[PDB]
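For clarity, chains are labelled A, B, C, D, E, F, G, H and I in written order, and residue numbers in each chain start from 1.
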Amino acid sequence: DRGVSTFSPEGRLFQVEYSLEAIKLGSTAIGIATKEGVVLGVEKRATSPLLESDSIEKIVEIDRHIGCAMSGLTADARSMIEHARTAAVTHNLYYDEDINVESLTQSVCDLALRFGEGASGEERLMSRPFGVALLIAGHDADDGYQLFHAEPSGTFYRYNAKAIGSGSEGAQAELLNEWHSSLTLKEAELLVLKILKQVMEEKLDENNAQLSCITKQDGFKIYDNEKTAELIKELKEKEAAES
Amino acid sequence: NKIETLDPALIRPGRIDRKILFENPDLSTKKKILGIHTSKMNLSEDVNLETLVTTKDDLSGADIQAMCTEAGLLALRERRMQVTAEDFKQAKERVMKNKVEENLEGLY
Amino acid sequence: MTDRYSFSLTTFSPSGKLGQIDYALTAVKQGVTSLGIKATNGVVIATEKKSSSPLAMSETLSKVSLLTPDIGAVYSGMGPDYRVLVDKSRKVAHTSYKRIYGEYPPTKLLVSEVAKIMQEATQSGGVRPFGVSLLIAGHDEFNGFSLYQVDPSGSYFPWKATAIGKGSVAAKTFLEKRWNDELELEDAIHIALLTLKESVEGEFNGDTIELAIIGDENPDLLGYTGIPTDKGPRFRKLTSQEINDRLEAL
Amino acid sequence: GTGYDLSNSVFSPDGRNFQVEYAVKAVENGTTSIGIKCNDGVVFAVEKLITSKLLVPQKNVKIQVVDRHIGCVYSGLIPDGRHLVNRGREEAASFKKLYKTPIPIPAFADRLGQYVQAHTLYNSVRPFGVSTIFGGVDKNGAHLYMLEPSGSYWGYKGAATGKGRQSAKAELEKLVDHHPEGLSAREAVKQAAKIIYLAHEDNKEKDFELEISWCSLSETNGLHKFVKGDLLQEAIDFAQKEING
Amino acid sequence: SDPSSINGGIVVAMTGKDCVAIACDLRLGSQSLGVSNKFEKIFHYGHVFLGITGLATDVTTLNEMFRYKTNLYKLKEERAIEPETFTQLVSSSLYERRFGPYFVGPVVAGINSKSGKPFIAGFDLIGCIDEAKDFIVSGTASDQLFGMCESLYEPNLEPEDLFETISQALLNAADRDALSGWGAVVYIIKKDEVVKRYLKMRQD
Amino acid sequence: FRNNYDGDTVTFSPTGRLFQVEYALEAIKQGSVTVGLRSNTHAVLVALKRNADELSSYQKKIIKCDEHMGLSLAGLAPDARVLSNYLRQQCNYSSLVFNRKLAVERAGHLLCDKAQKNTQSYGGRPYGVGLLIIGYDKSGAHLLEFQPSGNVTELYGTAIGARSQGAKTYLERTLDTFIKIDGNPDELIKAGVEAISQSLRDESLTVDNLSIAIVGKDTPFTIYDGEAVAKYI
Amino acid sequence: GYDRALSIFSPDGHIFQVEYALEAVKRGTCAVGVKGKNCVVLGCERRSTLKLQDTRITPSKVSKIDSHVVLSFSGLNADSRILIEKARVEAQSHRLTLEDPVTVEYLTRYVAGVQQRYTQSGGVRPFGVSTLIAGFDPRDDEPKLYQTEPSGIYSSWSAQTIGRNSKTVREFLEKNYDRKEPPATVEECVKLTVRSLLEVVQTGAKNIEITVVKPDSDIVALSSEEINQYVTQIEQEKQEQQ
Amino acid sequence: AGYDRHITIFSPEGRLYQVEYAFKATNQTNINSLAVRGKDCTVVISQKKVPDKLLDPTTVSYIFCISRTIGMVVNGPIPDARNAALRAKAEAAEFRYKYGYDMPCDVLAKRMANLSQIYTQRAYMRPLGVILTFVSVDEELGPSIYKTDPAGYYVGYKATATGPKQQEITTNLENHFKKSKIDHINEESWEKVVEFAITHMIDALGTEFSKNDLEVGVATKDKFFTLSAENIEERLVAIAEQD
Amino acid sequence: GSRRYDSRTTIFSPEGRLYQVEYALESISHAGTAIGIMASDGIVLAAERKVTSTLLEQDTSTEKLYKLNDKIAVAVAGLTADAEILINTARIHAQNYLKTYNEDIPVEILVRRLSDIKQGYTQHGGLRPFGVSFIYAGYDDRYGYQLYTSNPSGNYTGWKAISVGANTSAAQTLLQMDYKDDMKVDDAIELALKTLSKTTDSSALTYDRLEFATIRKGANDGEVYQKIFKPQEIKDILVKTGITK
């Protein structure tokens, strides 16, 4: 088919480049890490009376202190989660404590390398690389609240805020202006809603958005439909009184 | 025939902005396609334009053309210029089978 | 490192054919005139002996191999494919039957075992399929004398006379006309030399025919001169002098 | 023609696969190394290229030992030559255990030969693009051998390979004739050094640093050792005396 | 526990002339305690009859095994297995895993469909051959049975009389045990009719 | 054509080696500038750390393999990790089996072999990453250059990454001086920062890009990271 | 080795093989599920054109995955057996190990998971099948309806329709259902399901097979006789709205 | 599949391109061989040349001694010749342990042929190019010559030649054998057997060759030996002693 | 490796097809004909052997009729070779059901397995599939007489009259008309032979170009006794219908 070991004159593999193309087509995932929490928000999107829109969400829990929101292909993010749960569970049994979000990303990225015909270095069992990129957010007692962007290529960077998805070009640009080093959890969540409203071609409801948060008295916690909607209710009125 | 054999970089958006489909003649259209083709005819009064359209399952305008052309032949062979209903019906049964043949992957 | 080839090398073409089987068959058509006859009082198979060189032994050369004791095979096609195939056929025939049911496999059962080898090889990649066709002529005491054809793909069909190689059809015409069942083995040997003289011109001898029969017994083919316990072989390959003697016998 | 430029799993009509041709070519595209058989031993010498003063002497010697009495030097590409040798070593350790005797120079030729030949029956393994000149003293005499990348190899009286292959065979062929085979092992260091000098004349875009080693049954006692100190230093002088410039 | 005498069993086969007879007990026990008077140890694949005495389990494994071997052979050759042929098949299968446990004594009886001769065979746990053409016995009381058979047996018996020998032999052998009690069957066998006759014998 | 010999890693071409291999050598230059320098008693590694953004946090360009060893990468990240684990494995085993730390030389030659194997394997690839591996063993101070096709060279000084030739001119001049200072850490370190800023010509230097690692006769693997590199400029 | 590639990227960030899997489903027959708030109805086509089929041994479109759970499909039968078998095993695996009746969400994750594997993993291609999975969770009276694609993605849907003329049946259904007032009675929800599936089968009232699932293993397949009656009625309704 | 000469699979015509090219240009390596049968010996003459004065011609080998009694003459190149030698040697040795008996020419020929055939069907190996002539004086057949050739075809000879002076060698022996009514000459001593060989050789290839340009391998009952350089000149001078 | 030395024909197509499968059905449509008529006191089976001769045996009348059991048999349309592997394995799959539960396999289970193996050859492996279509002539006490066809794609459908092979189209058009919904064996035999002549070109319909088997209940034969007609019983039935012309 297409080479699995054949590089560009620069030296960037075809398969890596193609990995970058599926990512850009999902719905935005935006994280801001603050000093009291990590906020992860997604656009879930789609509203139909023939659709159960509040039974599907893109914010899935890995552990009692770790979530991930995704953007790109969703089917691919299931294999990534199966590997990640197994690795975290086995480490909690051996040393009784939290696994590091950076550590998790490296363990996963190792199995992202298989695709194609095998090597004599590695047994390549898959056919393509993963076509989803992830924002993995967590807490550890030795670096507090953190936010991480794993690319399926191998690179994983720590960030204080980062957006991924289709609408990331705008989103990131807004994140910087809104970002400061005295930002808190409660402000950050309101701001998420501002960003989400702006870039929508619709009215922001909780059957097209979902919030989530991290506090260290409860771990990774999903901001529920009932609370997320109350937050949406408060937004619409206050915005619509600045006009 | 299909547009999946043309490159999107030969179509060239911004000059060719429309790529227009072909949808099948539906029931109202069949009545019409027939209506035009039965005008040219000399036939029997037992023909029911309506009856033949209703049993036809969403069939092409080609089928409608074909049917008239086929029915005239069944009359010409029998040495006559009148075309009875039974003739239209046989032509309809034959073309409808061939279109609607696609077994074990359409008709699973 | 090492092979990774597991993709089938035999594949379907737009018509429903199999490229590799089509190719292999061209080789078989171009191969050495071989026939088989059931005389009803035996089975006689003849094939062309050839020499590479006059200074070359043709004792070593293999154009007629005994697959199992009462059974011989002959072919048209590709010589190297034939040689290996005979080997896998001999092995399974010996291990799986000769003290399990206490005797050789029946002819039809052995034709199926060959058929399977060829079909494994056609299905599976890493290797191209066998390029051969066999005429397996036989005797089994539960089916009489038989003649089968084994095709390159491993399709088989029953025959009571046939010929494959070059110049088949006309060879079958002469055989069809001269023999119609209930015939001495000797007589079928005579008919067989006649069909092949008309088929091969340029130089013809019984020193370029290699002839085997299944259709005799000697005490020597029980393999002992004592008191019987079993029947034993009925395969006997003739020497060149005996064949010249039957060429002299009108 | 074609299919034989990407593969080795099928046979050329020329009797010589186009991929095999490309393997030889990369050998001539390296440095010069040579090998001298003598009346008791073998002496090996190589031209080591000096490009910059950021390189360190005697840690990028291209002479690598196998066993105890075999010194192995090559022309072509570095990674191919080291992997080929690392395999020699492993077979050598195995040998020593099993037969309780050191690995022969003829044995080692075979060991290498079979690893190269294996990669020239397969399109799924890529062969080596180095020619390795090796030898030593063993229980059955002194040996110089040269392994070429086809999986052709023989014992020689003298050998060269590389950029400077031709100039080296010329200068060697005169000296060997004059002597019975190359006289003494002592003499052979001086002779070697002359050969390297003539071989340098095909480079002249880099300076060189002379490196010699020997295996001798009358002045080393059957071990492979480097030639350094006084002996190397008299050898530089001998070359520069007769060869002028 | 016992290794094969939980239920016990004995099996006798004899030849007439162009006919045979195969007879067996119908005991089922749990040790010396009799539990049931019916356990049929004779199965047939065409005109081959096969009785196997010993441990119940082991008998089953061989019966289904010969059932699998006979079925694919029958289907492929278009021919049912003959006794002579069947004897080689019993031997070969025993040889295949004699280092697996077996506590069996299969006994074959049948009349050939290719040589017409009455045919009997005995088999052992390791799968030694008994070629015999008078009588062959196996089982727990085999020592006794060989003594009884060698003296009682009269050859070339035609069905009515063959019946009398095999039944009376069997009834009187059985009475020196109670591991051969709990009813008995005689099968008197021709190609043309097979008669099955229940006997009346003791119980404990 | 290009496309003819490019598809799998098992073919040679008239050039003497495969196209793909050159593209692996090319990638190193894309990734981060790292200079390597030694005297004869200590050896110094200086590396520029790059990130992507303001709100991104740095990716580490020093990965510590032992408490007497570490390496810098330049080029492709994912392979640099797969290699640093292999080197960890190699190191530990040496200590478990032989009580041995693992020489720079000794490691280089094992690493080379691994590299040939992954360039004869067809689905396999060149790593696409070069490494400067430093150590002080009982062989003395060392710098080695590793290239992802199995080319291993022992050097006084060198650079991989952005304008390697750039740094190399600097080092080759100041060479004779700094290398004879044997027993003063600080000087060799100070020469490292002086060099690296002159290779640069479309970037600038700053404190938290720079990170310095020294190993030696009396310096066990120690990183000066962030703030503490100021006092070597 | 046949662990090497057989599924590759698109330059558009799709996958070629998943785009081609969906086409086989479209050419195919039509399956639909419409929800009440007491039942979940599944309609499945059986459009026997020919009369030489014997239809008690002509394959059905309804499988038990579990006693309270059904799977229906549109796509190649051959592929669908392979998926159907793995899904029955998984219901029994939970039952054995957790000592608990099966929950619908986990099964859906399982069905999704085998298809997802075969796109990702080398020397295998995804199935030629899209499915609908529905049933009821234990001790629960609210309906559950899931859709899975051979891409391996998965969703819940209040109602969904698949195979040939999916557009037509969505579009219709959208006018006859609200989440705020879905149907309470079996008769009227079934009437709606039969009416949508009439409009695409063409002639059919024995060619339409309805199976209505009420809470916890009350699963009942309505018959031809019953269906012919609803079609009569529909022919009376269409001249009350004229 | 692929193609019919990028991997080994049938041609359009049912031929195999690889076996026919294996016949041709593997005998044009400056090699020409003949083998003739003695009375109680077997003689081989084969060309064998060294183009340098710096190539030790002792190591140069193309008659190999497979066992103490068995010889194998290879026509074709040293990379191939050693793949076949390793196989031959192994087969010889294995045979000796297992079957308790010395390895006949014919058995070795047959075994090697079938093996080459398998490598011919493989799509990741080649048939070897070499033509292998296996010689001894068996105690189970007398002097023997059996030759395999590369296609998996092999056949026994009483006298053979290879290289494109095949016709010349054959005709001289044929006329001779038709007259004398024997295909083996009668003479005890090996010396007279080598002289008979040379007579037919010199006439047929139309030239005489030096000591170091020849290599002569002699099979005797329970020995195979190669003639030293002086020993090969002794014979060339001995016919010229007659002249 | 094998990437550019192989191809992928086991992938999907821009219609949703698989290359080799679609093609496989084509191979079947020019192979010899098999016909299945299910009656309600029997099963009547007919097959045409296309081309017969006095040089072939016509005596073997199991050539396309194989018993897989004494209760299930298939009629084959396609190759002998392709057929052989699924027969042998099906017979084995039988014995396993029989051993486990002491009762013979239903028809439906055995079909579903067969189809899964056939799907398997295109689903993984890269392999090629078989090119033979089977007509299942079979029994249940749940379903009465059963008549199936299964294809290399692995789709399987229930029938009471079906054909595969050549001239499928002609046989089925006459058959649907002349069918009686519940009928005796002898009536079936009349209907079959009548259909058969007029699907065989010119005067050709003979006993020795036919293979016939019927599966009757009997009352001197056992329930579901399959009689695979040998030449002479074909000769009889042709004369009784008078259809030999």
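Everything below uses one rule, namely that contacts are C-beta pairs under 8 Å (C-beta built on N, C-alpha and C of every residue); 3 or more make two chains touch, one makes a residue touch a chain.
Participant: By that same contact rule, can you tell me which chains touch subunit C and subunit I alike?
Facilitator: Common neighbours, subunit C/subunit I: A, D, E, F, G, H.
Participant: I want to compare two interfaces, A-I and G-I. Which one has more contacting C-beta pairs?
Facilitator: Most contacts of the two pairs: G-I.
Participant: When the C-alpha atoms of subunit B and subunit G are each averaged to a single point, how far apart are the two points in Å?
Facilitator: One centre to the other, that is 33 Å.
Participant: Please compute the C-alpha centroid of subunit A, do the same for subunit B, then give the distance between them in whole Å.
Facilitator: Here subunit A and subunit B have centroids separated by 54 Å.
Participant: Distance-wise, how many Å sit between the C-alpha centres of subunit A and subunit C, to the nearest whole number?
Facilitator: Result: the chain centres lie 71 Å from each other.
Participant: Would you pick out the residues of subunit F that each touch at least 2 other chains?
Facilitator: 7-10, 117, 120-123
Participant: Two or more other chains in contact with one residue: find those residues in subunit B.
Facilitator: Counting only residues that touch two or more other chains, subunit B contributes 105, 108.
Participant: Residues of subunit F touching subunit I in their complex?
Facilitator: Per the touch definition, subunit F meets subunit I at residues 7-8, 10, 122-123.
Participant: Name, in rising order, each residue of subunit C that touches subunit A in their complex.
Facilitator: Residues of subunit C touching subunit A: 1, 4.
Participant: Inside the complex, what are the residues of subunit F that reach subunit A?
Facilitator: Going through subunit F, the ones touching subunit A are 6-9, 20, 23-27, 30, 51-57, 59, 75-78, 81-82, 114, 117-118, 120-126, 128.
Participant: Could you pull out which subunit C residues touch subunit E in their complex?
Facilitator: Against subunit E, the touching part of subunit C is residues 99-102, 106, 108-109, 112, 142.
Participant: List the residues on subunit G that touch subunit C in their complex, please.
Facilitator: 1-2, 4, 123
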